[PDB]
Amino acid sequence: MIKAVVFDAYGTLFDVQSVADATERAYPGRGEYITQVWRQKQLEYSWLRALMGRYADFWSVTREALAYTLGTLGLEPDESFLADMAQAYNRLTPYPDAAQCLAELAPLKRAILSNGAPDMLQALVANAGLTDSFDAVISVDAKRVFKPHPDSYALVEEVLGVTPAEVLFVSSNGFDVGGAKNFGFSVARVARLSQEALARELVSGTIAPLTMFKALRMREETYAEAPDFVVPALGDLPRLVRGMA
């Protein structure tokens, strides 16, 4: 039976677009651009560092990705500036119905499995006021890999003591849904962007920057095994788990 609900962090429980106000500062007029590329490169760098066998924690990844992004704009900020701005990733606003969701899931074990480095995750959850909502906040850092590497998902059993079959994994990220499924978890994908809306947006005339990234990041990935469930919001999870098993 489902004994634990384990959540992806960035993009699932926390809004990675909420760095917008801060990025709009590093380049007025380019906040949206920066937000999108920063996130895209954060992901790419986590995958590429892991696949090369050259791990560095998510804090290093986040700053390298920011440096790349600002560099495309012709900037060359120093490490101090990068470290200060990157703190935006430790203050992402949780999704509105995150709190209520975790609450209604109080009976079950509740955890996070994230690429985020140990200190990033504590700040992020604390700042979101959700520290008391998790029995464990698990960082991939100990394994020195990034999702979707199987060793990342292995941590759930190592920490919670439950087997893959007894875990409901939750993510808004297609590649993470894929990695969780490959590992053996049941998965609930959070799909906040309706496929039909994206399709029409993509033909609504000239394709805007933001549309490109939605197109790259907010769909199920074709190589991946389908999630067991798809809900439009975290709030639908408790009711999903009720009439589930």
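Residue positions are given as counts along the sequence shown, with the first one as 1.
Asker: For the C-alpha atoms alone, is the average B factor greater in 221-229 or in 14-22, going by the entry?
Answerer: Per the PDB record, 14-22.
Asker: Tell me which stretch, 25-33 or 41-49, has the higher mean Cα B-factor listed in the entry.
Answerer: Here the higher of the two C-alpha B-factor means belongs to 25-33.
Asker: Sort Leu70, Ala208, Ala188, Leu198 by C-alpha B-factor from the entry and give me just the highest.
Answerer: That would be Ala208.
Asker: Which of these, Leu155, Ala106, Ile112, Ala86, has its C-alpha atom at the highest B-factor, as the entry lists it?
Answerer: Reading the PDB entry, the winner on C-alpha B-factor is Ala106.
Asker: Where does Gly74 sit by CA temperature factor within its chain: lowest, middle or highest third?
Answerer: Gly74: CA B-factor falls in the middle third of its chain.
Asker: Place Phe146 in the lowest, middle or highest third of its chain's C-alpha B-factors, as listed in the PDB entry.
Answerer: Within its chain, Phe146 is a lowest-third residue by C-alpha B-factor, going by the deposited values.
Asker: Please say which third, lowest, middle or highest, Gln100 falls into when its CA temperature factor is compared across its chain.
Answerer: Answer is highest: the recorded C-alpha B-factor places it there.
Asker: Select lowest, middle or highest to describe the third in which the CA B-factor of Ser80 falls within its chain in this entry.
Answerer: According to the entry, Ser80 has a C-alpha B-factor in the chain's highest third.
Asker: Going by the recorded CA B-factors, say which third of the chain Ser139 sits in, lowest, middle or highest.
Answerer: As the PDB entry reports it, the C-alpha B-factor of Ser139 lands in the middle third of its chain.
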